[PDB]
Amino acid sequence: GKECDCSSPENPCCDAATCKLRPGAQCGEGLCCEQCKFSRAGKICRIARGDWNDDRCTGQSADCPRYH
């Protein structure tokens, strides 16, 4: 059970007591969080080096994950 959508308690987007988005904001902190909203998928959230696939937001994700 996750009750903290954010790690910073001083964040206004996510309630401090419930560490979660209080309003209709999608995310309080993240690379795909534009205006506390989910940016769009296919977003180069991270650029890899070498010869693989860069990191692209999934549209419904806020924290850009990794692959290699």
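For chain A, we keep the numbers from Swiss-Prot: what you see runs 408-475, in order.
Method on record in the header is solution NMR.
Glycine too: its Cβ is placed from the backbone N, Cα and C atoms.
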Recorded disulfide counterpart of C452 (Swiss-Prot; options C434, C440, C471): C471
Member of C411, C413 annotated by Swiss-Prot as disulfide partner of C421: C413
Swiss-Prot annotation, disulfide partner among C420, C464 for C439: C464
Chain-internal residues, separated by at least six, CB under 8 A from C443 (disulfide bond): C420, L428, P430, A432, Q433, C434, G435
Number of other Cβ atoms within 10 Å of the Cβ of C452 (disulfide bond) across all protein chains: 19
